[PDB]
Amino acid sequence: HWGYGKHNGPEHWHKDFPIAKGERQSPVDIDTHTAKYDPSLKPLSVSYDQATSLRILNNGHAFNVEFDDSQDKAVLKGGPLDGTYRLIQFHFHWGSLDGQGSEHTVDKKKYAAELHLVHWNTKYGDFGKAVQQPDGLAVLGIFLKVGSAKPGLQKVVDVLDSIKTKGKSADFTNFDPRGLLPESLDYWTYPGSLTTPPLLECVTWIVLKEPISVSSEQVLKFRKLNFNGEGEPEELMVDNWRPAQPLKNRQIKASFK
């Protein structure tokens with residue numbers, strides 16, 4: 001099955017998931033000089049005060065921190081969005097080295113990692129229905145650079161030893177995702193896709209201009225995770241990013257000048 005290795009990586013995905021060569025694939029390179037400022041785009045509303053995290057899971061490609069999405073407890077609204085999008089999970093993509101790891105790029109620059117906060121449009125009732133809709137998901141993407149530690153990440157880093165291998169889960173309650181946000185909510189936005197199979201073209205991407213900083217130690221701990229299950233041959237979970245895809249007939253809009 002699909003992965004990020006020599007024989008099953010992003011260049012192979014199209015064989016099982018032909019939409020990989022579709023018209024609205026993600027990620028993309030964000031050319032800051034060609035993005036259009038759209039003064040009518042509204043400020044994002046991020047309402048995470050009642051968020052209920054439940055669990056953290058190594059799924060063999062990344063780890064997901066999962067939330068109770070059976071009520072409007074953590075929601076994204078405004079910006080380019082119509083309606084209310086509920087937080088279901090977040091996960092990251094990261095590199096084997098600090099010079100790579102992000103999925104989106106900014107003027108071809110790669111960051112060390114990228115955080116994806118995944119939300120689904122409540123008009124569709126559940127996540128599985130939402131992913132079948134062109135406006136089903138809103139993903140808040142946040143770049144990570146290496147520098148000072150991010151204290152709000154540390155609880156995640158701590159628990160990684162409990163979910164080293166594919167299929168392992170751990171209780172992960174009371175995590176506050178507001179500790180993963182930068183100061184500014186200035187963003188770019190464009191229509192795209194999931195960046196892992198099934199690659200569905202259901203995402204309004206909202207990519208923050210300002211990265212967060214994490215420490216070398218924090219990223220190193222991500223790089224100790226394993227793609228494999230316990231008792232299978234060890235392969236470090238690194239470089240679990242899809243490269244930039246053609247923009248095709250899309251314009252990236254900016255909330256800021």
# chains A, B, ... in the order shown; residues from 1 in each chain; ligands from 1

$ select_by_dssp --residues "stretch 32-240 of chain A" --states "alpha helix (DSSP H)" --output "list in words"
residues 127, 128, 129, 130, 154, 155, 156, 157, 158, 159, 216, 217, 218, 219, 220, 221 and 222 of chain A

$ residues_around --residues "residue A:239" --least-positions-apart "3" --cutoff "7 Å" --atoms "only C-alpha atoms" --output "number ranges by chain"
A: 94-96, 101

$ closest_residue --among "A:67, A:227, A:187, A:241" --to "residue A:166" --atoms "only C-alpha atoms"
A:227

$ atom_distance --atom1 "atom CA of residue A:21" --atom2 "atom CA of residue A:107"
22.3 Å

$ atom_distance --atom1 "atom CA of residue A:104" --atom2 "atom CA of residue A:242"
8.7 Å

$ closest_residue --among "A:41, A:19, A:185, A:144" --to "residue A:100" --atoms "only C-alpha atoms"
A:144

$ residues_around --residues "residue A:190" --least-positions-apart "2" --cutoff "9 Å" --atoms "only C-alpha atoms" --output "PyMOL selection string"
chain A and resi 188+192+203-207+250-253

$ residues_around --residues "residue A:60" --least-positions-apart "5" --cutoff "8 Å" --atoms "only C-alpha atoms" --output "compact mmCIF listing (two decimals) with N, CA and C atoms, in the first residue's frame"
# COMPACT_ATOMS: atom_id res chain seq x y z
N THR A 165 4.82 2.89 17.24
CA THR A 165 4.60 2.09 16.08
C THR A 165 3.15 2.12 15.57
N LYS A 166 2.98 1.76 14.30
CA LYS A 166 1.67 1.77 13.62
C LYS A 166 0.62 1.01 14.38
N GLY A 167 -0.52 1.63 14.59
CA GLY A 167 -1.64 0.98 15.28
C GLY A 167 -1.77 1.27 16.74
N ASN A 226 7.89 5.46 14.28
CA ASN A 226 8.06 4.42 13.27
C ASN A 226 6.84 4.32 12.35
N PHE A 227 7.09 4.14 11.05
CA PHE A 227 6.01 3.84 10.09
C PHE A 227 5.44 2.42 10.33
N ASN A 228 6.30 1.52 10.72
CA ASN A 228 5.97 0.09 10.87
C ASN A 228 5.26 -0.20 12.17
N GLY A 229 4.63 -1.40 12.18
CA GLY A 229 4.04 -1.93 13.38
C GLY A 229 5.09 -2.53 14.29

$ closest_residue --among "A:93, A:86, A:164, A:223" --to "residue A:74" --atoms "only C-alpha atoms"
A:86

$ select_by_dssp --residues "stretch 121-190 of chain A" --states "strand (DSSP E)" --output "PDB file with N, CA, C and O atoms, in the first residue's frame"
ATOM      1  N   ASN A 121     -17.321  20.469   7.502  1.00  0.00           N
ATOM      2  CA  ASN A 121     -18.471  21.358   7.398  1.00  0.00           C
ATOM      3  C   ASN A 121     -19.691  20.698   8.034  1.00  0.00           C
ATOM      4  O   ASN A 121     -20.144  19.630   7.573  1.00  0.00           O
ATOM      5  N   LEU A 137     -14.318  20.185   3.753  1.00  0.00           N
ATOM      6  CA  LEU A 137     -13.292  20.335   4.763  1.00  0.00           C
ATOM      7  C   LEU A 137     -12.679  21.711   4.723  1.00  0.00           C
ATOM      8  O   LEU A 137     -12.623  22.349   3.664  1.00  0.00           O
ATOM      9  N   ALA A 138     -12.186  22.134   5.892  1.00  0.00           N
ATOM     10  CA  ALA A 138     -11.318  23.307   5.975  1.00  0.00           C
ATOM     11  C   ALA A 138     -10.134  22.860   6.758  1.00  0.00           C
ATOM     12  O   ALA A 138     -10.275  22.337   7.867  1.00  0.00           O
ATOM     13  N   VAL A 139      -8.942  22.987   6.162  1.00  0.00           N
ATOM     14  CA  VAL A 139      -7.719  22.600   6.844  1.00  0.00           C
ATOM     15  C   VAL A 139      -6.893  23.846   7.113  1.00  0.00           C
ATOM     16  O   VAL A 139      -6.583  24.587   6.175  1.00  0.00           O
ATOM     17  N   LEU A 140      -6.602  24.081   8.387  1.00  0.00           N
ATOM     18  CA  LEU A 140      -5.746  25.165   8.834  1.00  0.00           C
ATOM     19  C   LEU A 140      -4.320  24.587   8.864  1.00  0.00           C
ATOM     20  O   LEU A 140      -4.014  23.657   9.620  1.00  0.00           O
ATOM     21  N   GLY A 141      -3.463  25.124   7.987  1.00  0.00           N
ATOM     22  CA  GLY A 141      -2.087  24.670   7.868  1.00  0.00           C
ATOM     23  C   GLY A 141      -1.176  25.687   8.522  1.00  0.00           C
ATOM     24  O   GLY A 141      -1.288  26.909   8.261  1.00  0.00           O
ATOM     25  N   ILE A 142      -0.233  25.205   9.309  1.00  0.00           N
ATOM     26  CA  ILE A 142       0.659  26.060  10.073  1.00  0.00           C
ATOM     27  C   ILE A 142       2.085  25.498   9.869  1.00  0.00           C
ATOM     28  O   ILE A 142       2.343  24.332  10.148  1.00  0.00           O
ATOM     29  N   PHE A 143       2.992  26.343   9.440  1.00  0.00           N
ATOM     30  CA  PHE A 143       4.381  25.918   9.241  1.00  0.00           C
ATOM     31  C   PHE A 143       5.109  25.890  10.581  1.00  0.00           C
ATOM     32  O   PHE A 143       4.843  26.693  11.468  1.00  0.00           O
ATOM     33  N   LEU A 144       6.045  24.932  10.704  1.00  0.00           N
ATOM     34  CA  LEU A 144       6.973  24.844  11.817  1.00  0.00           C
ATOM     35  C   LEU A 144       8.385  25.088  11.332  1.00  0.00           C
ATOM     36  O   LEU A 144       8.843  24.458  10.394  1.00  0.00           O
ATOM     37  N   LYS A 145       9.080  25.986  12.019  1.00  0.00           N
ATOM     38  CA  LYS A 145      10.502  26.134  11.907  1.00  0.00           C
ATOM     39  C   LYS A 145      11.179  25.711  13.199  1.00  0.00           C
ATOM     40  O   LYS A 145      10.556  25.661  14.260  1.00  0.00           O
ATOM     41  N   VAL A 146      12.467  25.402  13.117  1.00  0.00           N
ATOM     42  CA  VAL A 146      13.243  25.030  14.286  1.00  0.00           C
ATOM     43  C   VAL A 146      13.885  26.288  14.868  1.00  0.00           C
ATOM     44  O   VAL A 146      14.589  27.056  14.164  1.00  0.00           O
ATOM     45  N   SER A 169      -2.404   3.488  19.979  1.00  0.00           N
ATOM     46  CA  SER A 169      -3.111   4.656  20.462  1.00  0.00           C
ATOM     47  C   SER A 169      -2.920   4.854  21.931  1.00  0.00           C
ATOM     48  O   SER A 169      -2.592   3.911  22.679  1.00  0.00           O
ATOM     49  N   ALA A 170      -3.123   6.083  22.369  1.00  0.00           N
ATOM     50  CA  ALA A 170      -3.030   6.422  23.786  1.00  0.00           C
ATOM     51  C   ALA A 170      -4.056   7.462  24.124  1.00  0.00           C
ATOM     52  O   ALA A 170      -4.369   8.379  23.330  1.00  0.00           O
ATOM     53  N   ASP A 171      -4.619   7.378  25.324  1.00  0.00           N
ATOM     54  CA  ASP A 171      -5.491   8.459  25.850  1.00  0.00           C
ATOM     55  C   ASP A 171      -4.733   9.771  25.757  1.00  0.00           C
ATOM     56  O   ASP A 171      -3.544   9.839  26.042  1.00  0.00           O
ATOM     57  N   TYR A 187      -3.468  34.863   6.557  1.00  0.00           N
ATOM     58  CA  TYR A 187      -3.451  33.595   5.840  1.00  0.00           C
ATOM     59  C   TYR A 187      -3.499  33.757   4.332  1.00  0.00           C
ATOM     60  O   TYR A 187      -3.900  34.809   3.804  1.00  0.00           O
ATOM     61  N   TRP A 188      -3.116  32.667   3.647  1.00  0.00           N
ATOM     62  CA  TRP A 188      -3.410  32.441   2.270  1.00  0.00           C
ATOM     63  C   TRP A 188      -4.519  31.395   2.189  1.00  0.00           C
ATOM     64  O   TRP A 188      -4.604  30.506   3.046  1.00  0.00           O
ATOM     65  N   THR A 189      -5.300  31.409   1.119  1.00  0.00           N
ATOM     66  CA  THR A 189      -6.379  30.413   0.938  1.00  0.00           C
ATOM     67  C   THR A 189      -6.526  30.015  -0.513  1.00  0.00           C
ATOM     68  O   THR A 189      -6.328  30.841  -1.407  1.00  0.00           O
ATOM     69  N   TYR A 190      -6.809  28.721  -0.749  1.00  0.00           N
ATOM     70  CA  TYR A 190      -7.057  28.233  -2.092  1.00  0.00           C
ATOM     71  C   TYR A 190      -7.828  26.923  -1.966  1.00  0.00           C
ATOM     72  O   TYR A 190      -7.806  26.312  -0.887  1.00  0.00           O
TER      73      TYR A 190
END

$ closest_residue --among "A:77, A:119, A:108, A:155" --to "residue A:43" --atoms "only C-alpha atoms"
A:77

$ residues_around --residues "residue A:157" --least-positions-apart "3" --cutoff "9 Å" --atoms "only C-alpha atoms" --output "JSON, numbers by chain"
{"A": [153, 154, 160, 161, 218, 219, 221, 222]}

$ atom_distance --atom1 "atom CA of residue A:59" --atom2 "atom CA of residue A:97"
21.9 Å

$ closest_residue --among "A:65, A:130, A:247, A:75" --to "residue A:34" --atoms "only C-alpha atoms"
A:247

$ closest_residue --among "A:25, A:81, A:217, A:127" --to "residue A:42" --atoms "only C-alpha atoms"
A:81

$ decode --residues "stretch 8-48 of chain A" --atoms "N, CA and C atoms" --output "short mmCIF file (atom, residue, chain, number, x, y, z; two decimals), in the first residue's frame"
data_model
loop_
_atom_site.label_atom_id
_atom_site.label_comp_id
_atom_site.auth_asym_id
_atom_site.auth_seq_id
_atom_site.Cartn_x
_atom_site.Cartn_y
_atom_site.Cartn_z
N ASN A 8 6.70 3.17 -2.98
CA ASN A 8 5.30 3.40 -2.71
C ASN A 8 4.98 4.87 -2.38
N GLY A 9 5.91 5.75 -2.72
CA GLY A 9 5.83 7.16 -2.36
C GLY A 9 4.93 7.95 -3.30
N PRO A 10 4.89 9.28 -3.09
CA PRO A 10 3.94 10.13 -3.78
C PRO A 10 3.88 9.99 -5.28
N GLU A 11 4.99 9.67 -5.93
CA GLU A 11 4.99 9.52 -7.39
C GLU A 11 4.25 8.26 -7.87
N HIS A 12 3.97 7.35 -6.95
CA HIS A 12 3.25 6.14 -7.24
C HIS A 12 1.78 6.20 -6.94
N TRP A 13 1.35 7.21 -6.16
CA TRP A 13 -0.01 7.20 -5.63
C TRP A 13 -1.10 7.19 -6.68
N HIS A 14 -0.82 7.80 -7.82
CA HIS A 14 -1.78 7.91 -8.89
C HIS A 14 -2.28 6.60 -9.41
N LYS A 15 -1.49 5.53 -9.21
CA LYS A 15 -1.91 4.19 -9.71
C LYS A 15 -3.10 3.65 -8.96
N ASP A 16 -3.17 3.89 -7.66
CA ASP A 16 -4.33 3.50 -6.89
C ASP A 16 -5.37 4.61 -6.74
N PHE A 17 -4.91 5.87 -6.82
CA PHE A 17 -5.75 7.05 -6.59
C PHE A 17 -5.57 8.03 -7.74
N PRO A 18 -6.26 7.78 -8.87
CA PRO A 18 -6.02 8.57 -10.06
C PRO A 18 -6.23 10.09 -9.87
N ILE A 19 -7.03 10.47 -8.88
CA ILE A 19 -7.26 11.89 -8.59
C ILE A 19 -5.95 12.57 -8.19
N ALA A 20 -4.89 11.80 -7.90
CA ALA A 20 -3.58 12.37 -7.64
C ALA A 20 -3.12 13.30 -8.74
N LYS A 21 -3.62 13.08 -9.97
CA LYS A 21 -3.31 13.97 -11.12
C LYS A 21 -4.46 14.90 -11.48
N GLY A 22 -5.34 15.15 -10.49
CA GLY A 22 -6.49 15.98 -10.68
C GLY A 22 -6.22 17.46 -10.81
N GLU A 23 -7.33 18.21 -10.86
CA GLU A 23 -7.28 19.63 -11.07
C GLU A 23 -7.14 20.52 -9.86
N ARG A 24 -7.28 19.95 -8.68
CA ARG A 24 -7.23 20.75 -7.45
C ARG A 24 -6.46 19.97 -6.37
N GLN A 25 -5.24 19.54 -6.72
CA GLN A 25 -4.43 18.75 -5.78
C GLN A 25 -3.60 19.64 -4.85
N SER A 26 -3.34 19.11 -3.67
CA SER A 26 -2.54 19.79 -2.65
C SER A 26 -1.39 18.87 -2.21
N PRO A 27 -0.32 19.45 -1.69
CA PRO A 27 -0.08 20.88 -1.48
C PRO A 27 0.35 21.56 -2.75
N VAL A 28 0.58 22.86 -2.64
CA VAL A 28 1.09 23.72 -3.71
C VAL A 28 2.17 24.61 -3.16
N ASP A 29 2.95 25.17 -4.08
CA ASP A 29 3.84 26.26 -3.77
C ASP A 29 3.03 27.56 -3.72
N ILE A 30 3.21 28.32 -2.66
CA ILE A 30 2.59 29.60 -2.49
C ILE A 30 3.59 30.69 -2.93
N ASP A 31 3.34 31.24 -4.11
CA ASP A 31 4.20 32.31 -4.65
C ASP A 31 3.63 33.60 -4.06
N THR A 32 4.33 34.17 -3.10
CA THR A 32 3.83 35.31 -2.32
C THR A 32 3.67 36.53 -3.19
N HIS A 33 4.34 36.54 -4.34
CA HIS A 33 4.29 37.67 -5.27
C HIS A 33 3.18 37.55 -6.29
N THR A 34 2.50 36.45 -6.40
CA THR A 34 1.41 36.33 -7.27
C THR A 34 0.07 36.05 -6.53
N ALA A 35 0.13 35.79 -5.24
CA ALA A 35 -1.12 35.63 -4.48
C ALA A 35 -1.86 36.98 -4.54
N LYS A 36 -3.16 36.95 -4.69
CA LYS A 36 -3.92 38.18 -4.68
C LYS A 36 -4.52 38.50 -3.34
N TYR A 37 -4.25 39.71 -2.91
CA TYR A 37 -4.91 40.27 -1.74
C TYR A 37 -6.39 40.42 -2.02
N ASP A 38 -7.22 39.88 -1.12
CA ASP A 38 -8.67 39.90 -1.32
C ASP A 38 -9.23 40.63 -0.12
N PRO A 39 -9.49 41.95 -0.25
CA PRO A 39 -9.84 42.74 0.93
C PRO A 39 -11.15 42.36 1.46
N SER A 40 -11.99 41.68 0.68
CA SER A 40 -13.24 41.21 1.24
C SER A 40 -13.11 39.90 2.11
N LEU A 41 -11.98 39.18 2.08
CA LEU A 41 -11.80 38.00 2.97
C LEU A 41 -11.88 38.48 4.41
N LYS A 42 -12.67 37.74 5.18
CA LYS A 42 -12.86 38.03 6.61
C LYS A 42 -11.83 37.44 7.49
N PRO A 43 -11.62 38.02 8.71
CA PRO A 43 -10.71 37.41 9.67
C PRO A 43 -11.17 36.02 9.96
N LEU A 44 -10.21 35.12 10.21
CA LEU A 44 -10.59 33.83 10.61
C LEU A 44 -11.17 33.89 12.03
N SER A 45 -12.17 33.06 12.33
CA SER A 45 -12.62 32.86 13.68
C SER A 45 -12.23 31.45 14.09
N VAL A 46 -11.33 31.34 15.05
CA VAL A 46 -10.89 30.09 15.61
C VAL A 46 -11.44 29.99 17.01
N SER A 47 -12.36 29.08 17.24
CA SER A 47 -13.04 28.92 18.53
C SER A 47 -12.73 27.60 19.12
N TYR A 48 -11.62 27.50 19.84
CA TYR A 48 -11.15 26.27 20.40
C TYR A 48 -11.26 26.19 21.92
#
